[PDB]
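Enquirer: My questions all concern the structure below.
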């Protein structure tokens, strides 16, 4: 009789409210710090997201001795996806664009935190081709403490990423004749 | 018997209260900053909304070196629509009207955040024709970091919009011989 | 049997308490600012409401360089009607009465926010004929940013109204040789 | 069987507790301000209530340049009646008694806020004949902004009342050669 | 069967707890102020209650230019009776006892607030004969603003009582050649 | 069947918890002030209780110009009895013991607040014979404002007790040539 | 059937939780003050409990003009026993041990608060023989205000104990030529 | 039928949650203070636990005139065991290791608080043989106030332990020619 | 019938929510302090986790007289595993990498807290081979107070670990001619 179906509805929507509340209350976050000590002005700050969003703007420019601070997070409500995105700036003193990438996935059973950076030719704002090149075609870093690499064109970077689901990411971008932190 | 229909009512209005509470508790917001460093007085500040509303007034005028701050939001209660609107000012020193447009939709499965600006001939306050011209007939910007364009008549703008469901929007309006932020 | 009717009463009064609580907890509000910079004394401040009420008094008079601040609201409890009303003052230096009108309706499916002002002959306190003349027989303004008009007799006004369900309204009343805000 | 009557009692007293709580939690209030700038001493301050009560005393006297502040309210608990009352003072310099009256009813479907004042012959403390004379036999003012009238004997008053269910009432009592507020 | 009697007990004690809580949570209070400016010392301060009680003591004496402050209240818990009582002092400079009486009843459907005062021969502390003489055999005042009367023996009083269920009472006792407040 | 007996137990222990909570939450309290201005040292402070208890000690002695403050209360938890007790001191300058007694009963349907004091021969600490002599064989005072009596041996007292269920008690003990408070 | 036994379990453990919570939430406490003004050093401070416990240590020594403060309490959780214990110190200037004893029982239907003190020969730390000698074989004091006795060997004490279930205990230990408090 | 087994599960897990919560919310704690005034440096601070744990480190060393403060506690969650452990230091100026032991058991129906200390030959960090030697083969102290003993090698200690389930333990370690606290 | 299966679901998901909440609310934490007083610069700080995560970065470098502070914790939500990981730095003044390891397991029925450190040849960042070499192939320390060992190459360390489930770990790394803390 229909009393079984009504009790089945109370169980069904009782479980569904808790399942949607669980996916809404799992936090994935990133906090990206990119210190410019490269000796060049950076400008035209741009972004892309494969997943997640940021509430604030970038600085339009980053003069010598100042830092980008920028805080992505997961898409809000019951959607089960993480943060994955790109950041970029153009460096008119050297004719190239710095790009930075990170990932902080939702499902850690198949994925892990990653980051990368490159200095591309000309002016090209962050997009899906920069994501696929920084994440698949280049050699990305995993999130386990400090890594250092040349960008070419007289510049290098040294940086690290936390392995946490709420990840801090830090990069110092600097001249090849200088030492980090 | 009628005891089934009464239990069916308890389930029906129990679900409906939670569904209406969900649509009432989803926030879409915008916060629009338009810095005047154009060297001209702006006046006769006007608006239009295709969806959403603002609680405060605009400034009647914006003298050189001052900013519009203006905060649209969704229509309150269970109505499932976002913020979509236009802002305008008349610039008597150059005989044209600056117009600014944004969108922060409710359903992100089909739509995304956008913005635009133009400098139209004569005096024309914000309306549905300015919305359709800024959103369909012109080339609007998507919400991914800084963009810059000429207005004509000796002016340009540089600005950005957040990809979030609670979006910050920032524009600097300035002379074509000058540099942003 | 009567157990069905008793359970039907529990459902009936359970829904009715929530329906009356909803109509009691929907806020319609107005906040009216009328800055006198007209160069004349205003006195005999009077009002009318087609719907809604105000808790405070008007100032009896408004000397040059001072403002009316006055805050109407909906009728309290489960009554489903908005704010609609008139304000007036007599200006003995010019032999006329300034009148101001606004509307902030309950049902936005059929109505919208409006405002108006006029400078009528002689002394006539606010009433239903001033409401119908300001809302139907004159050309009222809708709530979308700044509008400006002559009153005649050497005076003009410039003002705006918010499109919100809790609406701010602002008017500056000034000499025809002067500029707003 | 008797189980129906017991469930009928749970519904009956469940509704009655909410109905009595509603009539106990509906507020009718008045706040009466009577500024003496008449140039005469007032004394022997007295009152009457047709409905409602005040917790504090009047001042025994009001010298020149001071005000009565006095705050009536409805009778407490589930009783469904408003505030209706009279205030009076004797003015020994002119041989007459000032009387003031107000109403703030419970049922607004049939009644509205009113006020009045008069300057009666000799000494007569506030009573039901002063109420009926100020409310029916004289011409009372309704609660819509400022009204002004002569008392005779060299005095006038100017005053206003709020249309709210919690009403502020203000009167200035002054010489016929002087101007209000 | 006995299940009806058990459900009848749940209803019976459910109603009785709320009825006793209602009679325990209805407040009757008095606050009695008796200013001595009579030019004589008062002493041997004494009291009586027909209903209600006070937590503090009286002053043993009241010298010239000082006041009795004394705060009766209803008997605590579910007992449905008000405040009714007498206060007295002996005045050795004139050979008489000042007595003061008040009432603040529980059931306002049959009773109202009253007060009185007298100056009796010799020394006689407050008792049931002073209550019956001040409330029935003398002419008491009702609680509606200021009243004034001679005590005889060179003294008078002027005083008032609030009509509220929590009543303030004020009396000034003074020489027949002087003016109140 | 046994389901009736189980439901009868839920009612029985549901009522009993509320009945024991009521007797535990009815407060009887006393606060005893005995000002020594007798011109003699008091010492060997002692007590007795027929019902109730005090948490603090007495002072061992009371020199001239100092007061006993001492705060009895009912026995804690569901026990339905009040405060009834004796206080005493020895006065070595006059060879006698001051004793003080009070009562603050639980059941006011049969009993009332009382107090007394005496100055007994020799040294005798407070006990049941001092209680019965101060409460039955002597003439005790009831709790209605100030009373005054000689102790003999050059001393008197003047004092009062509140009629409340939480009673303040005050006594000044002084030379027969002096005046109270 | 077994549904009766399950409902019997809900009643059984529902009552048992409240009974254990009652025995856990009944407080028995003591607070022992022993002022040394004996003119001798005290040392080797030791204790015993027949019931109850203390959280802090004693001072190892008490020089002239200083006091032991020490706060026993009942054993925690549902155990229904009070505080009963002994304190001791050795006095090397006179070759004897001061011992102090108190009781604050759980069941006042059969027992009352007691205290005692003695000055025993040689060095002997507090134990069950000191408890039985101070409580049964010596003459203990009951808790009703100040008592005074010689210790022998040039010393005396004067002290008191509160009759409360949370008892303060105070003793001054002093030379036979001196006066207490 | 299976409805009995389901109701039996509700009772079973309802009782089990409360039983595990009880064993998780019973606190056993120790707080160990070991004052070094021995005139020698202590170093290589080491520990062992038969039950319980400490969150902080020991000091690596204790110079003359400083104290170890160290706070063991029971193992967290529903495990029903107390604190039992050893502490040790090496004293290079005398070629020996000080060891200290305590117990604060869970089940007081069979066990009590104990402590001990010794000065062992050579360097040997705290372990199960030090526990068994300090608790069974040596003569330990019970928790009842101050005890004092020689360590040999020119040193002694004096110390005490509280009998409480949250026990303070204090030891002063000092030269044989000196006096405690 | 299906009513049994629905009641079985209420029990099943009622238990499962509490079981997942228990595994989510059991805390395993570590807090690692590594003081550099080795007289050499440390750089290229790197990590590995066999289980658990850290939210913050390491310092890129540790100059002489400064400390690593670094706080691992368990993986968040219902996953039942502890903290187990490695830390490393390169020391360019001596051509070797310092590595540090710890464990703070979830299941204490089979495992205990451990730590270790080594100074490996060349530059090699922390990984699974450093974990297995520090935990199985080398001789690790258990968490019971201070241990000290040579690193070789002129360096040693002295350090300790807490036995708690929230463990503090401290190491001082120093020249072989110097003394700890």
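Protein chains in written order, with this note's numbering: chain S, 1166 to 1346; chain D, 1166 to 1346; chain Z, 1166 to 1346; chain G, 1166 to 1346; chain P, 1166 to 1346; chain C, 1166 to 1346; chain H, 1166 to 1346; chain Y, 1166 to 1346; chain V, 1166 to 1346. We put the CB at the ideal spot given by N, CA and C, even for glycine.
What residues from chain V crowd round residue 1336/Y, counting only those whose CB sits closer than 8 Å?
Expert: For the purposes of this step, residue 1336/Y is taken as residue 171 along the eighth chain, with counting starting at 1. Simply none; closest approach about 18 Å.
Enquirer: Beta-carbon within less than 8 Å of residue 1236/P's beta-carbon, same chain only, minus the 5 sequence neighbours each way: which residues are those?
Expert: The residue labelled residue 1236/P in the question sits at position 71 within the fifth chain. Only 1194, 1195, 1196, 1197, 1219, 1220 and 1221 meet the Cβ criterion.
Enquirer: In three-state DSSP terms, what is residue 1309/C?
Expert: Counted from its first residue, the sixth chain places residue 1309/C at position 144. Reduced to three states, the DSSP call for residue 1309/C is coil.
Enquirer: Residue 1221/P lies in the beta strand (DSSP E); which residues open and close that run?
Expert: Counting from one through the fifth chain, the residue named residue 1221/P turns up at place 56. Here residue 1221/P belongs to no beta strand (DSSP E), and DSSP marks it neither H nor E.
Enquirer: Just confirm the distance between the C-beta atoms of residue 1251/Z and residue 1232/Z, as a whole number of angstroms; I'd bet it's less than 8 Å.
Expert: Stepping through the third chain from its first residue, residue 1251/Z is reached at position 86. Stepping through the third chain from its first residue, residue 1232/Z is reached at position 67. Going by Cβ atoms, the distance from residue 1251/Z to residue 1232/Z rounds to 18 Å, so no, they are not a contact pair.
Enquirer: Does the region 1300-1312 of chain P touch the region 1272-1281 of chain P, meaning 3 or more C-beta pairs lie closer than 8 Å?
Expert: Contact holds: three or more Cβ-Cβ distances are below 8 Å.
Enquirer: Which same chain residues end up closer than 7 Å to residue 1257/H when comparing Cβ atoms and leaving out the 5 residues on each side of it in sequence?
Expert: The residue given as residue 1257/H occupies position 92 in the seventh chain. Once the five neighbours on either side are set aside, the close Cβ partners of residue 1257/H are 1206 and 1208.
Enquirer: Chain S partners of residue 1247/D, CB-CB under 8 Å?
Expert: Here the question's residue 1247/D lines up with position 82 in the second chain. Residues of chain S passing the Cβ test: none, with the nearest at roughly 14 Å.
Enquirer: Could you confirm whether any beta carbon from chain C is found closer than 8 Å to the beta carbon of residue 1169/H?
Expert: Position 4 of the seventh chain, counting from 1, holds the residue named residue 1169/H. Closer than 8 Å to some Cβ of chain C, the Cβ of residue 1169/H qualifies, so yes.
Enquirer: Out of 1318/S, 1327/S and 1204/S, point me to the one whose CA is closest to residue 1269/S's CA.
Expert: The residue labelled residue 1269/S in the question sits at position 104 within the first chain. Of the candidates 1318/S, 1327/S and 1204/S, the one whose C-alpha sits nearest the C-alpha of residue 1269/S is 1327/S.
Enquirer: Where residue 1320/P and residue 1203/P are concerned, what is the direct C-alpha to C-alpha distance, given to the nearest angstrom?
Expert: As a first step, residue 1320/P is located in the fifth chain; it is residue number 155 there, counting from the start. As a first step, residue 1203/P is located in the fifth chain; it is residue number 38 there, counting from the start. Distance between the alpha carbons of residue 1320/P and residue 1203/P: 7 Å.
Enquirer: Starting from residue 1189/S, trace the alpha helix (DSSP H) both ways and give me its first and last residue.
Expert: As a position in the first chain, residue 1189/S is number 24, starting the count at 1. 1167-1189 is the extent of the alpha helix (DSSP H) around residue 1189/S.
Enquirer: For the beta strand (DSSP E) that residue 1244/Y lies in, which residues bound it at each end?
Expert: As a position in the eighth chain, residue 1244/Y is number 79, starting the count at 1. First-last for residue 1244/Y: undefined, no H or E at that position.
Enquirer: Is there a Cβ of chain V sitting closer than 8 Å to that of residue 1189/Y, yes or no?
Expert: Here residue 1189/Y refers to the residue found at position 24 when the eighth chain is read from its first residue. Cβ-Cβ to chain V under 8 Å: no for residue 1189/Y.
Enquirer: Should residue 1262/S go down as buried or exposed, given a rule of 16 or more other Cβ atoms within 10 Å for buried?
Expert: Along the first chain, read from residue 1 onward, the residue named residue 1262/S stands at position 97. Burial call: buried.
Enquirer: Could you tell me which of 1329/S, 1294/S, 1316/S and 1223/S sits nearest to residue 1310/S, measuring between CA atoms?
Expert: Sequence index remark: in the first chain, residue 1310/S carries index 145 (1-based). Considering only alpha carbons, the answer is 1329/S.
Enquirer: Run the CB neighbour count on residue 1272/H, radius 10 Å, all protein chains shown included, and call it buried at 16 or more, exposed below.
Expert: In the seventh chain, residue 1272/H corresponds to position 107, counting from 1. Under this definition residue 1272/H is an exposed residue.
Enquirer: In whole angstroms, what is the alpha-carbon distance linking residue 1244/C and residue 1325/V?
Expert: Counting from 1 along the sixth chain, the entry for residue 1244/C is found at position 79. Counting from 1 along the ninth chain, the entry for residue 1325/V is found at position 160. C-alpha separation (whole angstroms): 58 Å.
Enquirer: On the CB-based measure, 16 or more other CB atoms within 10 Å of its CB, does residue 1413/S come out buried or exposed?
Expert: Residue 1413/S lies beyond the residue range present for chain S, which begins at 1166 and ends at 1346; the question has no answer from this structure.
Enquirer: Three-state secondary structure (DSSP) at residue 1302/C?
Expert: Within the sixth chain, the letter at position 137 stands for residue 1302/C. Of the three classes helix, strand and coil, the one that applies to residue 1302/C here is helix, per DSSP.
Enquirer: For residue 1294/V, does the three-state DSSP call read helix, strand or coil?
Expert: Along the ninth chain, read from residue 1 onward, the residue named residue 1294/V stands at position 129. Reduced to three states, the DSSP call for residue 1294/V is helix.
Enquirer: What's the gap between the Cα of residue 1292/H and the Cα of residue 1286/Y?
Expert: By 1-based counting over the seventh chain, the position of residue 1292/H is 127. By 1-based counting over the eighth chain, the position of residue 1286/Y is 121. In a straight line, the C-alpha of residue 1292/H is about 35 Å away from that of residue 1286/Y.
Enquirer: In this structure, how does DSSP classify residue 1193/D when only helix, strand and coil are distinguished?
Expert: The sequence position of residue 1193/D within the second chain is 28, counting from 1. Note: residue 1193/D maps to coil in three-state DSSP.
Enquirer: How big is the Cα-Cα spacing for residue 1345/Z and residue 1313/Z?
Expert: Working through the third chain from its first residue, we reach residue 1345/Z at position 180. Working through the third chain from its first residue, we reach residue 1313/Z at position 148. Taking the straight line from one Cα to the other gives about 9 Å.
Enquirer: For residue 1240/D and residue 1190/D, what's the separation of their Cα atoms in angstroms?
Expert: Locating residue 1240/D in the second chain gives position 75, where the first residue counts as 1. Locating residue 1190/D in the second chain gives position 25, where the first residue counts as 1. Rounded to whole angstroms, residue 1240/D to residue 1190/D spans 11 Å at the Cα level.
Enquirer: How about residue 1238/Y and residue 1210/Y: are their beta carbons less than 8 Å apart?
Expert: To locate residue 1238/Y, count along the eighth chain from 1; it is residue 73. To locate residue 1210/Y, count along the eighth chain from 1; it is residue 45. No, Cβ-Cβ distance for residue 1238/Y and residue 1210/Y is not below 8 Å.
Enquirer: Excluding the 5 residues preceding and the 5 following residue 1343/S in the sequence, name in chain order all residues of the same chain whose CB lies nearer than 6 Å to its CB.
Expert: Indexing the first chain from 1 puts residue 1343/S at position 178. There are no such residues.
Enquirer: Classify residue 1211/S as helix, strand or coil using the three-state DSSP reduction.
Expert: Taking the first residue of the first chain as position 1, residue 1211/S is located at position 46. It is a strand residue.
Enquirer: Are the CB atoms of residue 1259/H and residue 1318/H within a distance shorter than 8 Å?
Expert: Sequence index remark: in the seventh chain, residue 1318/H carries index 153 (1-based). Sequence index remark: in the seventh chain, residue 1259/H carries index 94 (1-based). Taking 8 Å as the Cβ cut-off, residue 1318/H and residue 1259/H qualify as a contacting pair.
Enquirer: Could you tell me which chain P residues have their CB closer than 7 Å to the CB of residue 1195/C, listed as they occur along the chain?
Expert: The residue given as residue 1195/C occupies position 30 in the sixth chain. Per Cβ cutoff of 7 Å: no residues; residue 1195/C is ~12 Å from chain P at best.
Enquirer: Do you know offhand how far residue 1331/Y's Cα is from residue 1248/Y's?
Expert: Residue 1331/Y sits at position 166 when you count from the first residue of the eighth chain. Residue 1248/Y sits at position 83 when you count from the first residue of the eighth chain. C-alpha separation (whole angstroms): 10 Å.
Enquirer: Are residue 1223/Z and residue 1267/Z touching if we call contact CB-CB under 8 Å?
Expert: Translated into the one-based positions of the third chain, residue 1223/Z becomes position 58. Translated into the one-based positions of the third chain, residue 1267/Z becomes position 102. Taking 8 Å as the Cβ cut-off, residue 1223/Z and residue 1267/Z do not qualify as a contacting pair.
Enquirer: What's the gap between the Cα of residue 1349/S and the Cα of residue 1290/V?
Expert: In the structure as shown, chain S starts at 1166 and stops at 1346, and residue 1349/S therefore has no counterpart that could be examined.
Enquirer: For residue 1172/D, does the count of other Cβ atoms within 10 angstroms reach 16, so buried, or fall short, so exposed?
Expert: Counted from its first residue, the second chain places residue 1172/D at position 7. Classification of residue 1172/D: buried, given that the 10 Å Cβ count is 16 or more.
Enquirer: In three-state DSSP terms, what is residue 1323/Y?
Expert: Taking the eighth chain and counting its residues from 1, the one referred to as residue 1323/Y is at position 158. Residue 1323/Y falls in the strand class under three-state DSSP.
Enquirer: I want to verify the contact list: residues of chain H whose CB lies under 9 Å from the CB of residue 1309/Y, in sequence order.
Expert: Sequence index remark: in the eighth chain, residue 1309/Y carries index 144 (1-based). What residue 1309/Y touches in chain H: 1211, 1212, 1213, 1214, 1290, 1291 and 1292.
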